[PDB]
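Contents: one structure, followed by commentary.
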2 protein chains.
Amino acid sequence: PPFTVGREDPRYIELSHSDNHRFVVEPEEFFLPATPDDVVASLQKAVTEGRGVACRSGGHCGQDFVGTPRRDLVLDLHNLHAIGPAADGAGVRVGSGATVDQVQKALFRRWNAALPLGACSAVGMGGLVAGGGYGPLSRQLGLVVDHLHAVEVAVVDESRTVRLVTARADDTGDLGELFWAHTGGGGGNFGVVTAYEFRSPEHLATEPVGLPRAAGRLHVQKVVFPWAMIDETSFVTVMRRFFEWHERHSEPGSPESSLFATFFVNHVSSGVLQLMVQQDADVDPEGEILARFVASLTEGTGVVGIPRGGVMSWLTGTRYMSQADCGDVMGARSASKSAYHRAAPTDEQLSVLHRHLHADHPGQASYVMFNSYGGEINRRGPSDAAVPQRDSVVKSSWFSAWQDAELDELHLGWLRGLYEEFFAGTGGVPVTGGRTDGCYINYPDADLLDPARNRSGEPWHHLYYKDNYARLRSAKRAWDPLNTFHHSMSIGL
Amino acid sequence: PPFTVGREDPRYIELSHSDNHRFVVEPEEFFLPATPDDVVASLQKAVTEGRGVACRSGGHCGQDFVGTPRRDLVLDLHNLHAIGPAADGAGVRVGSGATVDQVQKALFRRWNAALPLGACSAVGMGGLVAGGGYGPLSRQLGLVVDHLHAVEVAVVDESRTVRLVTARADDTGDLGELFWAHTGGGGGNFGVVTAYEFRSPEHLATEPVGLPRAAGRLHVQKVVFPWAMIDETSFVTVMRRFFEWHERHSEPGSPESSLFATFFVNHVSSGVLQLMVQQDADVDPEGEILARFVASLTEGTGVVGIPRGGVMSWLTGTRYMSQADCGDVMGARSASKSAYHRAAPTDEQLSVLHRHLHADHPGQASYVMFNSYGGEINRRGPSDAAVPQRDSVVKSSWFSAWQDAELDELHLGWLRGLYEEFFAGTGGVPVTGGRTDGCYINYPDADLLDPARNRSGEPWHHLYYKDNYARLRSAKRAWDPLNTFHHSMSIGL
Ligand SMILES: *Cc1cc2c(nc3c(=O)[nH]c(=O)nc-3n2C[C@H](O)[C@H](O)[C@H](O)COP(=O)(O)OP(=O)(O)OC[C@H]2O[C@@H](n3cnc4c(N)ncnc43)[C@H](O)[C@@H]2O)c(*)c1C
Ligand SMILES: *Cc1cc2c(nc3c(=O)[nH]c(=O)nc-3n2C[C@H](O)[C@H](O)[C@H](O)COP(=O)(O)OP(=O)(O)OC[C@H]2O[C@@H](n3cnc4c(N)ncnc43)[C@H](O)[C@@H]2O)c(*)c1C
């Protein structure tokens with residue numbers, strides 16, 4: 001059943017934290033709905049009484065969107081996690097409170113199916129889907145939103161009336177706009193999503209629920225490279241080769257689209273760089289492409305990696321390559337920035353990166369992660385979904401995590417220093433339409449709002465949404481005219 | 001709904017692996033029941049046709065019990081994971097397919113409750129509960145079976161008729177025996193459990209559902225000690241002090257029972273030892289006991305630890321200290337042995353341990369884990385439940401994990417060499433009734449069946465069940481007269 005957790009309830013303390021402990025969520029109360037109807041009734045009460053609301057699914061927000069500005073009510077959606085066949089026609093319905101782990105297990109166990117969900121199994125569908133969603137399978141399957149068929153969402157009209165509407169991929173008029181806005185517009189903007197329905201493009205769909213087939217086996221490999229064996233020149237060589245491989249091998253449908261690499265380029269205090277690579281073993285039984293990719297990175301250089309891994313079944317291999325809600329990632333303070341890369345950075349940029357990775361800094365959880373991108377993602381056009389980046393080949397995440405609030409300035413300083421110098425030639429940000437193509441709204445970065453940090457002249461909304469912002473604003477005016485749903489980086493009326 | 005996965009189904013490959021990849025589970029088919037009735041109907045069809053059956057919940061078995069001897073049918077129970085208030089009107093019912101993670105989240109989120117479930121969140125309730133179940137909260141709350149109120153189980157009688165029976169803590173006669181047998185008898189022995197109901201002893205129970213209250217906050221700390229700073233003498237000193245602290249401070253109800261330590265005493269190739277400690281912050285707001293305990297271990301020695309951690313809310317803190325189904329623990333081959341310690345080992349034993357931790361061996365996932373024990377566990381008498389160890393103060397797990405089948409012998413050899421020399425004075429095993437008290441059935445060790453490995457004259461069933469074995473055999477004869485449920489270490493008729 002549905003229940004409420006107030007300020008005096010002992011569970012409030014746990015609920016007041018999302019994953020990123022830099023931020024706190026302190027409403028007058030949390031409501032934990034059990035059904036979409038519970039969501040509607042809860043929102044209706046709140047909006048009628050003029051109370052401020054927000055929702056939360058997995059709590060993975062990189063920013064303080066849920067708890068800031070101060071809310072009277074937060075709807076925590078984790079009980080809405082049902083997964084099942086879609087009521088009408090093929091496809092699959094997923095409650096917005098389901099986590100990636102729950103979805104991956106259900107899709108595989110029930111239908112031998114897979115969607116391109118991310119590498120962190122605790123992420124909630126709510127925010128992940130609304131912002132686009134990419135993962136290890138995206139070079140084969142595209143973005144999660146590329147499989148979206150419908151969104152069921154609680155919305156608030158100009159008369160303060162809450163309705164549960166369902167917008168479908170084949171809708172036109174206002175409903176068509178609401179559907180499109182959820183294909184990358186980002187969470188916290190239009191209403192409270194209660195469920196998503198997924199139906200894959202014809203060329204990716206298989207029986208019996210119209211989703212893609214999970215690979216029978218995956219090659220999975222993790223290679224550790226000791227920093228002690230790497231000098232600046234070989235670092236630049238390895239990094240350049242990583243990017244150049246992607247420039248060549250990121251076309252939709254190519255054999256190389258079966259491979260996905262994640263390069264953890266760690267601060268030197270970690271002692272090592274770590275390359276993870278996976279490849280669909282159905283496509284390439286011997287894993288030849290993976291082996292050639294890995295070997296090519298360090299050939300000639302004096303750098304020798306220590307590999308581990310093997311060939312695993314799908315669910316076991318996926319978990320081997322994933323990050324769950326356990327251990328040192330829990331209860332941490334963190335900051336992350338993002339960039340889309342259309343082409344290799346210059347060698348000078350790679351030297352800047354090397355220099356900051358050797359700064360005197362407590363960097364045991366500080367790194368830049370470079371992920372393969374493109375492939376099937378790049379089959380669609382920039383305006384087909386709200387996500388506009390459809391010709392990038394590597395996606396980077398720039399990350400630091402730490403424990404003590406007293407070190408916030410230190411860690412934010414290191415991250416900002418690195419990102420801003422790396423992109424100094426373009427105002428300290430990865431501007432669109434050049435070697436880079438802006439940023440990903442699921443790694444939101446409030447520094448992009450500040451002229452001291454962003455001297456590019458390109459506003460946050462263009463870095464995240466490019467030319468799709470106008471249509472998003474129209475959808476916002478139409479569907480959330482009172483700006484009921486808002487946060488520091490919400491779509492403007 | 002319920003479905004079957006046969007040899008030709010692509011999902012069969014994933015299902016053929018449990019957590020420990022040393023073993024394979026290859027039945028003619030897996031059946032995935034959705035309800036207890038599905039279990040009964042599936043078992044009935046199988047036993048009528050003379051087909052061999054076994055079940056699996058979380059897949060965490062340390063041995064090959066599920067897939068060996070060859071089975072015609074394996075019932076995979078993960079869909080039976082419902083959690084809710086007991087129908088009787090008091091307590092909570094938990095499906096046997098629920099994992100520790102599912103149970104911890106549900107108990108906390110719904111009722112601010114907690115049970116002493118283990119430190120690995122992917123373990124299934126099915127096997128965990130039947131074998132006893134201990135965890136970080138056991139010094140306050142006892143074993144999981146100490147909270148068991150009922151077991152709902154599918155059993156097979158002499159006429160090959162399957163019936164779903166519910167045996168309760170207040171039952172007498174045959175049902176009383178069936179209930180008692182599930183309080184430590186171990187999984188795979190009596191029938192297929194479909195659900196457990198939990199109701200805490202009066203002194204531990206709270207509103208609203210008769211379970212214990214989850215602590216408001218936990219002190220959590222992880223301390224890393226570099227092997228480079230530790231010589232044999234200081235190693236022995238640290239280990240001795242760890243054990244002596246527990247000899248003094250493991251009485252039921254003491255302030256020190258709010259503390260739980262896990263000491264990962266790693267092979268030298270890992271470079272470090274790691275001590276984890278948590279303490280109930282409601283009991284000890286300043287965490288003085290924790291701070292004193294940690295300081296005492298290395299006082300005098302030249303060993304300096306590097307601490308991290310803090311004070312966290314219950315669910316976040318529990319996850320911070322826990323191991324989930326992700327990363328390097330996935331897809332691995334492993335072997336584990338166990339021992340109950342009633343008193344400190346001799347310094348000579350601790351020197352043996354030191355020597356093997358320095359052996360030329362690939363030991364990056366080889367370690368001995370020492371866990372705080374006793375406290376509330378030790379309130380009950382040895383015959384009150386099927387678990388007989390009720391006066392131990394430290395529990396150890398002796399572990400190695402690796403990837404390649406070709407190294408099975410190497411790793412088994414290292415682990416056997418260490419355990420057998422450490423316990424050489426008592427036949428190579430932790431005999432009962434001395435400095436040690438035998439072994440834990442949830443870390444089953446088939447080596448205890450071989451005279452080359454066990455020269456103590458104490459058979460496996462006495463090491464695990466001591467004087468409770470006779471009553472277990474009687475229950476087995478009564479409730480599984482055809483030996484439908486059996487494996488390499490199952491209770492004998
Ligand atoms: C922490 C983390 C995030 C990751 C990780 N790995 C990713 C990957 O491999 N691929 C990716 O595409 N993204 C990865 N991400 C990022 C997540 O995609 C984002 O952090 C998501 O936005 C998280 O979603 P969720 O966990 O639901 O976050 P919340 O904090 O609950 O909400 C974020 C934001 O969205 C709004 N919102 C949530 N739910 C709804 C619904 N139901 N309807 C409307 N709006 C919703 C919130 O109010 C808030 O505004 C790996 C890691 C470790
Ligand atoms: C892998 C692993 C195990 C751990 C870990 N941490 C523990 C902890 O902190 N405290 C503990 O008390 N135990 C810990 N364990 C050990 C687990 O407790 C044992 O490994 C359990 O037996 C695992 O249970 P489960 O995951 O359900 O294992 P299975 O392999 O499915 O079954 C084992 C055994 O039991 C029978 N069985 C399962 N289900 C039932 C039902 N419903 N009814 C009767 N019999 C059942 C199986 O047939 C098999 O014989 C940490 C880690 C990483």
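Cβ coordinates were reconstructed from backbone atoms using ideal geometry, including for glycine residues, and neighbour counts include every protein chain displayed. All of this is worked out from the model, or read from it or from the source named; these are not laboratory values.
Okay, residues lined up against (1) buried (at least 21 other Cβ atoms within 10 Å of the Cβ); (2) of a type outside the set (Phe, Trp, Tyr); (3) in a helix (DSSP H, G or I):
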residue: A:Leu410; (1), (2), (3): no, yes, yes
residue: A:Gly413; (1), (2), (3): no, yes, yes
residue: A:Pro451; (1), (2), (3): no, yes, no
residue: A:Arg455; (1), (2), (3): no, yes, no
residue: A:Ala475; (1), (2), (3): yes, yes, yes
residue: A:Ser488; (1), (2), (3): no, yes, no
For the condition more than 24 Å from A:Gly142 (Cα to Cα), of a type outside the set (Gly, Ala, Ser) and surrounded by fewer than 18 Cβ atoms within 10 Å (Cβ to Cβ), what is the one hit in A:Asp170, A:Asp174?
A:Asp174
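Table: residues versus (1) hydroxyl-bearing (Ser, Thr, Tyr); (2) more than 11 Å from chain A (Cβ to nearest Cβ); (3) surrounded by fewer than 23 Cβ atoms within 10 Å (Cβ to Cβ); (4) more than 16 Å from ligand 1 (Cβ to nearest atom).
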{"site": "B:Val94", "(1), (2), (3), (4)": "no, yes, no, yes"}
{"site": "B:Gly97", "(1), (2), (3), (4)": "no, yes, no, yes"}
{"site": "B:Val103", "(1), (2), (3), (4)": "no, yes, no, yes"}
{"site": "B:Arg109", "(1), (2), (3), (4)": "no, no, yes, no"}
{"site": "B:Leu117", "(1), (2), (3), (4)": "no, yes, no, yes"}
{"site": "B:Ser121", "(1), (2), (3), (4)": "yes, no, no, yes"}
{"site": "B:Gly126", "(1), (2), (3), (4)": "no, yes, no, yes"}
{"site": "B:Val129", "(1), (2), (3), (4)": "no, yes, no, yes"}
{"site": "B:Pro136", "(1), (2), (3), (4)": "no, yes, no, yes"}
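Restricting attention to segment A:311-326, report how many residues are outside any loop (DSSP other than H, G, I, E, B) and either at the interface with chain B (Cβ under 7 Å from one of its Cβ atoms) or not hydroxyl-bearing (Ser, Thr, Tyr) (or both). Spell out the reasoning first.
Here is the first cut: in segment A:311-326, the residues outside any loop (DSSP other than H, G, I, E, B) are A:311-320, A:323.
Still in the running and either at the interface with chain B (Cβ under 7 Å from one of its Cβ atoms) or not hydroxyl-bearing (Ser, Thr, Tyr) (or both): A:311-317, A:319-320, A:323.
Going through segment A:311-326 one residue at a time, the tally reaches 10.
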Out of curiosity, is A:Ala343 within 26 Å of A:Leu259 (Cα to Cα), touching a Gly at 6+ places or on another chain (Cβ under 9 Å) and within 14 Å of chain B (Cβ to nearest Cβ)?
no
Pick from segment A:330-372 the residues that are in a strand (DSSP E or B) and hydrophobic (A, V, I, L, M, F, W, C): which of them is surrounded by the most Cβ atoms within 10 Å (Cβ to Cβ)?
A:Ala339
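Residue-wise test of (1) in contact (Cβ under 8 Å) with a residue 60 or more places away in the chain; (2) surrounded by 15 or more Cβ atoms within 10 Å (Cβ to Cβ).
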residue	(1), (2)
A:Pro1	no, no
A:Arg11	no, yes
A:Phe23	no, yes
A:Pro33	no, yes
A:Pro36	yes, yes
A:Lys45	no, no
A:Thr48	yes, no
A:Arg51	no, yes
Does segment A:141-151 include one or more residues that are more than 9 Å from ligand 1 (Cβ to nearest atom), surrounded by fewer than 24 Cβ atoms within 10 Å (Cβ to Cβ) and either more than 29 Å from A:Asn371 (Cα to Cα) or acidic (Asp, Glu) (or both)?
no
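Table: residues versus (1) away from ligand 2 (no atom under 16 Å from the Cβ); (2) farther than 25 Å from A:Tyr440 by Cα; (3) of a type in the set (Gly, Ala, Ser); (4) part of a loop (DSSP other than H, G, I, E, B).
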position: A:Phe23; (1), (2), (3), (4): yes, no, no, yes
position: A:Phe31; (1), (2), (3), (4): yes, yes, no, no
position: A:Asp38; (1), (2), (3), (4): yes, yes, no, no
position: A:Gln44; (1), (2), (3), (4): yes, yes, no, no
position: A:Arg51; (1), (2), (3), (4): yes, yes, no, yes
position: A:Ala87; (1), (2), (3), (4): yes, yes, yes, yes
position: A:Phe108; (1), (2), (3), (4): yes, yes, no, no
Residue identified as more than 20 Å from B:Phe65 (Cα to Cα), within 12 Å of ligand 2 (Cβ to nearest atom) and in contact with a strand residue (DSSP E or B) (Cβ under 8 Å, 6 or more places away or on another chain) among B:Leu137, B:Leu117:
B:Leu137
Those residues of segment A:153-184 which are closer than 15 Å to A:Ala386 by Cα and either within 10 Å of ligand 1 (Cβ to nearest atom) or outside the structural domain of A:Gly127 (by CATH) (or both) amount to A:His182
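Here is a check on your reading of the model: is B:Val129 in contact (Cβ under 8 Å) with a residue 12 or more places away in the chain, β-branched (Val, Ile, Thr) and either within 12 Å of ligand 2 (Cβ to nearest atom) or not assigned by CATH to the domain that holds B:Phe198 (or both)?
Values: in contact (Cβ under 8 Å) with a residue 12 or more places away in the chain: yes; β-branched (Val, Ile, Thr): yes; either within 12 Å of ligand 2 (Cβ to nearest atom) or not assigned by CATH to the domain that holds B:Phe198 (or both): yes.
In short, yes.
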Of all residues in segment B:292-310 being more than 8 Å from chain A (Cβ to nearest Cβ), surrounded by fewer than 20 Cβ atoms within 10 Å (Cβ to Cβ) and touching a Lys or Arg at 6+ places or on another chain (Cβ under 8 Å), the one that is farthest from B:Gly124 (Cα to Cα)
B:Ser296
